Structure formats: C-alpha cells, structure tokens
**Student:** 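Please read through the structure below; I'll follow up with questions.
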Amino acid sequence: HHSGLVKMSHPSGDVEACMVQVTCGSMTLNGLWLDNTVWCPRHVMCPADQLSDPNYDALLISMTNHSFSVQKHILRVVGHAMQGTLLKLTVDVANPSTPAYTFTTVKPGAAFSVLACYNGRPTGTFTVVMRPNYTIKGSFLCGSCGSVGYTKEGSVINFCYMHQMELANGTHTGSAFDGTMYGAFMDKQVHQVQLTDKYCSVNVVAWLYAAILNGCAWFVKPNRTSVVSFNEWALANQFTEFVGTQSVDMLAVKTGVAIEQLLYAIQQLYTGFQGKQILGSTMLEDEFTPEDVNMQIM
Amino acid sequence: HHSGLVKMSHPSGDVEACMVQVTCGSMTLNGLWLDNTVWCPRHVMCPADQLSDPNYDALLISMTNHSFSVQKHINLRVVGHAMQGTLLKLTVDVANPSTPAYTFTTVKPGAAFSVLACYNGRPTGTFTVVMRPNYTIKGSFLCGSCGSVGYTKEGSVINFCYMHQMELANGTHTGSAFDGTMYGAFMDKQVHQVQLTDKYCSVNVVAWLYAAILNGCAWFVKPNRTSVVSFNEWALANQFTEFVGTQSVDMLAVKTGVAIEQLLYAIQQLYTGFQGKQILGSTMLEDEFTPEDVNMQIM
Ligand SMILES: *[C@H](O)[C@H](C[C@@H]1CCNC1=O)NC(=O)[C@H](CC(C)C)NC(=O)OC1CCC(F)(F)CC1
Ligand SMILES: *[C@H](O)[C@H](C[C@@H]1CCNC1=O)NC(=O)[C@H](CC(C)C)NC(=O)OC1CCC(F)(F)CC1
C-alpha cells in the first residue's frame, strides 16, 4: 500500500508573479517585487573579481539608483538601501499582484516551498526542510540567487527564505527577510563549514504515525519513554529536542498510539530495523512534518 | 556530497489559472478551462448510487446545458456539452483569458510530469510523479481530487497529459489523457480493478547512475559492457522495461565519458544488491529520475 506520502509543494503562482531580474553593472540575479520594493541579495553589487572579501558598505555607498536595473519577464529604481545580507530597492511602480504576505523566520524541522528562478524566470519548485545545521538541500545552480522560499497560512504567503549560496558539501543556505543569514553564514566566497546535522525528532514521530495510519504499525509496543528523558537521550545521539504540537497530538488521537510510545520506538529503531521496513525505508525519515501527515493522509 | 537531485515540479501558475469547479447535481470535482472549453471527468454525471456500472451514454443524453454548474474561484455559462471517452468537453460562453499555449500529448511509461492537486476548484498542492509501466502513478489524492491535472512544459507550451480519475486498492492512482483514453485502460467504474505487475524503468535507472557519476560516486563503473539488444532480452525476464536511448541520455554519456552499455552491464550486477555500498544515498536502484531531470539538475 502506497501511503500517498509525497514531497508536496505549494502552488507557486502567487510567488511567480513577484519574481524579477535585478542587474547591477555586470552581475545579475533574481529578486522579489512586493508593492514598491524589490528584494535581492546584496552580492549583486560585487564583481566576480572581488567575491572572496567584498566590502559591502563601500560597495553600497559607491552605488546610485541608476546602478540597478530591474526587469520583469514572468522598472525604474528610485531608492536603494541595505538590510543585513539583502538589498531593498525602491521602484516607482507598485506590484499590482502583490499577494497578502508576511515575513517569518523558520526554525529547524519546518518545511517550506522554494521557487527556483534563473534570470527572473521561474523554472522549478520543490519542498525543503530547514536542517538543524541551518542548511537545506534542494537544487540550485549558478544564477539561482534571489530564488525565494515560502509557506502559506491561508492565501497569506509567509516569505521565509532568499537563496544565497552553496556550501562545499553541496547543501545550501540563504537569508531570512530581516536580512540575517540562516546559520550565521557569511555571504562571501570563502570556505565555511556546516555544523553536524541531527535528526528532527518531531518529524520522525510524525512519520511513524503515518506508518501507523497506513497499517504498518508493527514497530509499536506499549513501552513508553518520557519526553524529558528522550530529550536527554537525544543530546548524545544527534537528535533534536522533541516538542509536541497540536498537530502531533491530533495524530495520536487518530491512531491511539500516544507520543511517548513512539519516542521509545525511536530509540530501539535508531539502532536498526532488524530486517523490517517502515514505509519502504530501513532508516528513520525526518523530512515529513506533523502537518504534512495530517494534510496528506486525512 | 548532496547531488542536488531532487523531485522538482514545474511552476504551477499557468495551470492554476485554468482550474475551475464543475458541479452536476450532487457530484463536485475539478475541471480544466482552456479557451471556451472546460474538461472534466465524466463520472461527475453519475449519481453516487449508479457509480458501479453507470450508463454514461444515457446520463449524457439525460443532460442539458443547465445540468452543469462551472465556478471560477482562483461562474460561467455552459452552452454546449459533449463526451470524449472518459472525459466531458463542455463549451462555455467566455474564453479563459489566461489560457496558456498548450498541447494534448499522452505520456508513455517512465516519463515524469507535474501534478496540481485541486479540491473544489482550489489548487492546494503540486508534486511530480512518474507514469509507471503498469500505467499508474503514486502521489497524493484524496476525496475531491478528480479532475486534478498533470502536465509538462517545453518552452512556452504546456503539454496536458493527465486528468485524475481514481485510486486503486494498492493506493496508487490513475486517470486519462486528454484524448479521453484512460491510462492502462482502467475503467471509470467503481469496481475493484487489478493493475498489472510493475517494472523498473531502465532508461531512468541509467539516468540516475549517470547522475551518480557526475556527483563523483563512480565506484560501480567497470569496462564491461552489455549491449542494448542483449540488455532488453535480459530485461524481459527480470522485470525491467526495454531500454531505448534518447538524445538526453546521449548527452550524459558524452559528458561523463561512460557509455550506455557500461551502465546496462552495471544494472545487471546491481540488481541483486549493492553489497554494503550506497549510490546517491540509496541501497537500491532509483528509476523515478529521468535523463531530462539529470541534465537539468546537475547539467
Ligand atoms: C548565486 O546564484 C550563487 C548560487 C550558488 C551557485 C552554485 N549553487 C548555488 O547555490 N551563489 C554564489 O555564487 C555564492 C556567492 C557568494 C558571494 C555568497 N558563492 C558561493 O555559493 O560559493 C560557494 C562556495 C563553495 C563551492 F565552490 F562549492 C560553490 C560556491
Ligand atoms: C474523484 O475525486 C475520486 C478520487 C479518489 C478518492 C480517494 N483517492 C482518489 O484519488 N475518484 C473516485 O472516487 C473513483 C470514482 C470511479 C467512478 C472511477 N473511485 C475510486 O477511486 O474508488 C477507489 C476504490 C478503492 C479505494 F477504496 F481504496 C479508494 C477509492
């Protein structure tokens, strides 16, 4: 039985309508056009020559509104400011199709949708999970900076990510819209090292619940590890503090397999699956959220 | 090292603007609005009771233009109605102002396409699937999802290729092409129907192994080769599809320097297990990434 648990993204149409190209002398990349404001990464100010140690404050000073060209494929610039790792460009035309939106900073374990763009043209969408080491996976090539990540609560779009860089290990990171870089990485072309990843406990729990709702509940025993103990246990086993949620609880009351049963399960299962499968996997999966499971097996 | 090889969908905006809701008495599901035409699954005509063998030829005659309500959320007047296989072709009196350039082409097994899952005319999610050789897809579809559509995009042209119709007992799904045929010849009757045996999509498996080589993980490549002809007759007896090359596979061979026939030999050896080794994080072969996927996502 295919559970129907898949990596599902939000319909991107709302966001497509905001994507623009931002050009500065010789660099080009994507930006996000909301009302009168175009957001893009500041390293568009930086020529290739000087990417390992750019002086962003001097670059900005050296700039004028006419340094920035903004074009829309899928506009005159009349203001320019810096906010952390991002540029805030004021343009004379407000985006009509600006959707209701907000800015949030997502925390490790949360999923969001990414609209990968190149040269202002949206080319692909996919879902990622913000790892505990504040990187994400996904697919980003040269020219993808400016691509944006978002959730939806309603028709309200919560913009959470603007893509900036690929680490040496092939994972990725970017800015939240307050201008800070997830995981404190620097926007410089300089070797930098991710912290060690961990497992998102809450997401593992939600996956084992899916398994139960799909009629694959063999791993379920009446042994129950208390929360704070599993927490202690995890600090030493590369696992995240487990925090319950209304979403998680809802899952226990549809399965009748309360959480702590599963925390215990995680311990015995972390060792190994001892010959058996869970939803066609022999390792634990942590990229499905409480919310995905409710939404997708309802 | 993270390949960057992930399940990627096309941006859905083009298709979101074509999605409507179609109502016929008690049945409600999604429809696709292109120019003056609204397409939707024909079992919207069927009352909940008659669904296990309905007489679609007589439901259709019993219907007038007023028997169908069509609402745009993301109301339209039906001025004609016709049946094309398992789908309805309704005419409405307003041309969709957001119709994208488009074609109707049926996909073959192993091809991937994007799905826009919709409930009551409202797009809720998008994901990518692979048409299996048993003519089923996986994905996520709930009560109300019928009429959700699957599509690719080449240039400015959307190719519409799927309109969702049903879930099978094993939890997989199927529907029809926009020429009206059902993939796999399943019927739009509410009866237990058994799907054919699955198989591995040899061309996609090759693509994945090229993807591994591009990611640096080439430990499985030997000089040894097995020829296309010779691979396909081995395939028949081992649950694999015929391998057919494409220009897309050829680019991967040219780029890596590894010939198709080396990877066909590797597939015969890796089928029985990896013996403790991994490939792109897997201990078994992946066949749901296409040559086109790999060229796009690694280049
Ligand atoms: C902006 O489009 C681009 C996105 C990168 C390019 C390849 N994949 C991506 O995600 N970002 C950069 O080019 C940045 C620029 C600095 C100023 C932030 N460079 C970058 O990511 O540097 C990486 C260091 C390690 C590496 F060599 F493996 C790849 C580039
Ligand atoms: C149309 O919206 C609906 C979509 C199904 C419902 C659950 N998941 C889906 O993808 N299609 C149907 O309900 C069809 C209708 C007939 C007339 C073609 N029937 C159907 O899929 O029934 C399934 C049989 C076995 C089952 F119970 F496991 C799931 C329902």
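Reminder, nothing fancy here: chain letters follow the sequence lines and each chain counts from 1. Whatever order the structure lists them in is the order used to number ligands and atoms, beginning at 1. Just the heavy atoms: all of them, side chains too, but no hydrogens, waters or symmetry mates, feed the values below.
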**Student:** Tell me the nearest of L168(B), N170(B), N30(B) to atom 28 (F) of ligand 2, using heavy-atom distances.
**Tutor:** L168(B)
**Student:** With heavy-atom distances below 4.0 Å as the criterion, list the atoms of ligand 2 near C146(B).
**Tutor:** 1 (C), 2 (O), 3 (C), 4 (C), 11 (N)
**Student:** Is ligand 2 less than 4.0 angstrom away from at least one heavy atom of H164(B)?
**Tutor:** yes
**Student:** Give the contacting part of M187(B) toward ligand 2: side chain, backbone, both or neither, where contact means a heavy-atom distance below 4.0 Å.
**Tutor:** neither
**Student:** When you check the side-chain N and O atoms of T28(B) and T23(B), is any donor under 3.5 Å from an acceptor?
**Tutor:** yes
**Student:** Counting only non-hydrogen atoms of the protein, does one fall under 4.0 Å from atom 23 (C) of ligand 2?
**Tutor:** yes
**Student:** Go through ligand 2 atom by atom and flag the ones less than 4.0 Å from a non-hydrogen atom of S145(B).
**Tutor:** 2 (O), 4 (C), 10 (O)
**Student:** Polar-atom distance check: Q165(B) versus ligand 2, any N or O pair below 3.5 Å?
**Tutor:** yes
**Student:** Check the angle between the aromatic planes of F140(A) and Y161(A) and answer parallel, tilted or perpendicular using the 30° and 60° thresholds.
**Tutor:** tilted
**Student:** Around atom NZ of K188(A), are there more than 12 heavy atoms of other residues, nucleotides or ligands at under 6.0 Å?
**Tutor:** yes
**Student:** Show the atoms of ligand 1 that are less than 4.0 angstrom away from any heavy atom in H172(A).
**Tutor:** 10 (O)
**Student:** Do the charged groups of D197(A) and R131(A) touch, with an N to O distance under 4.0 Å?
**Tutor:** yes
**Student:** Is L29(B) close enough to touch ligand 2? Criterion: a residue heavy atom under 4.0 Å from a ligand atom.
**Tutor:** no
**Student:** If you measure from atom 13 (O) of ligand 2 to every heavy atom of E167(B), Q190(B), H192(B), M27(B), which option wins on shortest distance?
**Tutor:** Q190(B)
**Student:** For ligand 1, which atoms have a heavy atom of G143(A) less than 4.0 angstrom away?
**Tutor:** 2 (O)
**Student:** Take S9(B) and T128(B), measure what side chain to side chain donor-acceptor pair (under 3.5 Å) needs, and give me the verdict at the end.
**Tutor:** CA-CA 5 Å; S9(B) 297; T128(B) 295; 2.9 Å; yes
**Student:** Hey, is atom 10 (O) of ligand 1 touched by any protein heavy atom at less than 4.0 Å?
**Tutor:** yes
**Student:** How many angstroms lie between OG1 in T37(B) and CD in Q84(B), if you round to the nearest 0.5 Å?
**Tutor:** 10.0 Å
**Student:** Is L51(B) in polar range of ligand 2, meaning some N or O pair under 3.5 Å apart?
**Tutor:** no
**Student:** Does a donor on one side chain sit under 3.5 Å from an acceptor on the other, for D188(B) and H43(B)?
**Tutor:** no
**Student:** So, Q164(A) and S175(A): side-chain donor and acceptor under 3.5 Å apart, yes or no?
**Tutor:** yes
**Student:** Taking all non-hydrogen atoms of both residues, which atom of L280(B) and which atom of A212(B) are closest, and how far apart?
**Tutor:** CD1-N, 3.6 Å
**Student:** Taking 4.0 angstrom as the limit and counting only heavy atoms of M165(A), give me the atoms of ligand 1 inside it, by number and element.
**Tutor:** 10 (O), 21 (O)
